[PDB]
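Below is one structure, written out as structure tokens; the observations come after it.
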Amino acid sequence: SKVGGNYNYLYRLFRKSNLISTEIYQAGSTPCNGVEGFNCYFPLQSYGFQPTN
Amino acid sequence: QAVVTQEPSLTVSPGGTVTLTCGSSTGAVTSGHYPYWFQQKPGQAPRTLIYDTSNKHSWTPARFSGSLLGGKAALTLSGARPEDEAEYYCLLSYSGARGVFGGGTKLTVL
Amino acid sequence: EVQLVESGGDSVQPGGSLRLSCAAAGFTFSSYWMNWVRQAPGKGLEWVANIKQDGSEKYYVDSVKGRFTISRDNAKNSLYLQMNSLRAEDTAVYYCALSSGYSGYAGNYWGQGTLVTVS
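Protein chains in written order, with this note's numbering: chain A, 336 to 388; chain B, 53 to 162; chain C, 84 to 202.
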């Protein structure tokens, strides 16, 4: 952690099924052919580690 | 009708937090206005950071967040960096697809 | 990657007309909404116009009502914005934007922008 927030650590938030790709996650029934947006999510989510947590 | 207000400018020391705000002239900001936030550096096309109130794009630094305040939208920075100096714009939807941009809030780093 | 390339901007005479165009690539065109934005130099972004995913509906900022027309050709993966009685006051960089959001009113992916100068 650091004063301005340490955001260098990622975790996977979305995946098709249970267990390092960045393929856009299709939440809906509409194919996500390269563009992220509604029901097309980037699969990774950053942590917000701060000295104040 | 098309009146969206923002604080004209903010100045924040590196590592400090920044709160940018955005509100309409009528009612209050809700998810129904699907608010957007953009960041534009001089000489460049604007980059979208926040969409549909709080969703972040893959190219959006995790440092930014689309929280809501007292009936108005905000864009909060968890730790300002020199790379964040830009004009920020907010965009609100209304009764139809006629979005209204805010005047713009210039954010600089001390 | 996902890209939008706009052009057609030029130095034109006021009172005349100008047709701008945007070519899309890297994604399926017929899946999303297309948005237009203009930015006068020294000013922030304004909102100009939109169009429905299937082309059945168009939408405009009141300031361009009756003056701007939007249509697209999904067979060419491109869209057009044409404006009549073009004003000298309307000097701006026009941007092509792709809207993949929930309501489809604002863009997530933006082109570099085409400059429209009227004189």
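Just so it is clear, CB atoms sit at the ideal spot from N, CA and C, and this is done for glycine as well.
Residues that DSSP places opposite residue i in a beta bridge
i: C/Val85; result: Answer is none; C/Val85 lacks a bridge partner.
i: C/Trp130; result: C/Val120
i: A/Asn341; result: A/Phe384
i: A/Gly372; result: A/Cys375
i: C/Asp156; result: C/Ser161
i: B/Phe116; result: B/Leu129
i: B/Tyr141; result: B/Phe90
i: B/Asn107; result: B/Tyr103
i: A/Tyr360; result: A/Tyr376
i: B/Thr57; result: B/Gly75
i: C/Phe112; result: Paired residue(s): none; C/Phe112 is not in a bridge.
Start and end residues, beta strand (DSSP E) containing residue i
i: C/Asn118; result: 116-122
i: B/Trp89; result: 88-92
i: C/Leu101; result: 101-108
i: C/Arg170; result: Careful: C/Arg170 lies outside any beta strand (DSSP E) and carries neither H nor E.
i: B/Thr73; result: 70-76
i: C/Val201; result: 197-201
i: C/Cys179; result: 175-182
i: B/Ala149; result: Unbroken run through B/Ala149: none, as it is neither H nor E.
i: C/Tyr142; result: 141-143
i: B/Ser65; result: From DSSP, B/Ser65 is part of no beta strand (DSSP E); its letter is neither H nor E.
i: A/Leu348; result: A/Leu348 -> no beta strand (DSSP E), and no H or E assigned at all.
i: B/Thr157; result: 157-161
Assigned exposure category for residue i - 16 Cβ within 10 Å defines buried
i: C/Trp193; result: buried
i: B/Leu162; result: exposed
i: C/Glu89; result: buried
i: B/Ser130; result: buried
i: A/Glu371; result: buried
i: C/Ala171; result: exposed
i: B/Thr71; result: exposed
i: A/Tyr344; result: exposed
i: B/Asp104; result: buried
i: B/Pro98; result: buried
i: C/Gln122; result: buried
i: C/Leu164; result: buried
i: B/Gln91; result: buried
i: C/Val199; result: buried
i: B/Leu121; result: exposed
i: A/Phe349; result: exposed
i: B/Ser76; result: buried
i: C/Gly184; result: buried
i: C/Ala107; result: buried
Integer Cβ distance of residue i from residue j, believed to fall under 8 Å
i: B/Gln58; j: B/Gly155; result: 6 Å
i: C/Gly91; j: C/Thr197; result: 6 Å
i: B/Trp89; j: B/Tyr146; result: Not confirmed; about 17 Å, so no contact.
i: B/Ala126; j: B/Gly68; result: No, B/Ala126 and B/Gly68 are not in contact; Cβ-Cβ is about 16 Å, not under 8 Å.
i: B/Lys124; j: B/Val81; result: 5 Å
i: B/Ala114; j: A/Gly383; result: 7 Å
i: A/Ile355; j: A/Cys367; result: Going by Cβ atoms, the distance from A/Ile355 to A/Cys367 rounds to 19 Å, so no, they are not a contact pair.
i: C/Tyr115; j: C/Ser186; result: Incorrect: roughly 12 Å between the Cβ atoms, too far for contact.
i: B/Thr128; j: B/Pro60; result: The pair is not a contact, with the Cβ atoms about 18 Å apart (cut-off 8 Å).
i: C/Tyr143; j: B/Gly148; result: C/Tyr143 to B/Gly148, Cβ: 10 Å. No contact.
i: B/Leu144; j: B/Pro66; result: About 30 Å; that fails the 8 Å criterion.
Given residue i as reference, the closest of the options once Cα atoms are compared
i: C/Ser146; options: C/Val120, C/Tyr163, C/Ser154; result: C/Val120
i: C/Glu129; options: C/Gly190, C/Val201, C/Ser202; result: C/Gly190
i: C/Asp173; options: C/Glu84, C/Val95, C/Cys179; result: C/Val95
i: B/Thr160; options: B/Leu143, B/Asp136, B/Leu144, B/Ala149; result: B/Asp136
i: C/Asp156; options: C/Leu181, C/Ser104, C/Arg150; result: C/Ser104
i: C/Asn118; options: C/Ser161, C/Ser100, C/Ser202, C/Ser168; result: C/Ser161
i: C/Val176; options: C/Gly109, C/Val201, C/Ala158; result: C/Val201
i: B/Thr73; options: B/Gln92, B/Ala138, B/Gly118, B/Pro134; result: B/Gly118
i: C/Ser113; options: C/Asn167, C/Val199, C/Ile134, C/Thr152; result: C/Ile134
i: C/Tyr188; options: B/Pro94, B/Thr63, B/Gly84; result: B/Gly84
i: C/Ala158; options: C/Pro97, C/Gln195, C/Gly149, C/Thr111; result: C/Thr111
i: C/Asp93; options: C/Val85, C/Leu87, C/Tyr178, C/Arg102; result: C/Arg102
i: C/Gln136; options: C/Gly125, C/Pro97, C/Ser154, C/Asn167; result: C/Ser154
i: B/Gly79; options: B/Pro134, B/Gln53, B/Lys93; result: B/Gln53
i: A/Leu379; options: B/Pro94, B/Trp111, B/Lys93; result: B/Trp111
i: C/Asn167; options: C/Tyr178, C/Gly109, C/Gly99, C/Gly138; result: C/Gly99
i: B/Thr63; options: B/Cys142, B/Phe153, B/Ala138; result: B/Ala138
i: C/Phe151; options: C/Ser139, C/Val85, C/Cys179, C/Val131; result: C/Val131
Residue i: CB within 8 Å of a non-hydrogen atom of the ligand ATP
i: A/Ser336; result: This structure does not include the ligand ATP; it has no bound ligands of any sort.
Check your understanding: Residues in the stretch 92-111 of chain C with C-beta within 8 Å of chain F's C-beta atoms, listed in sequence order?
Key -> Absence of chain F from the displayed structure is noted, the protein chains being A, B and C.
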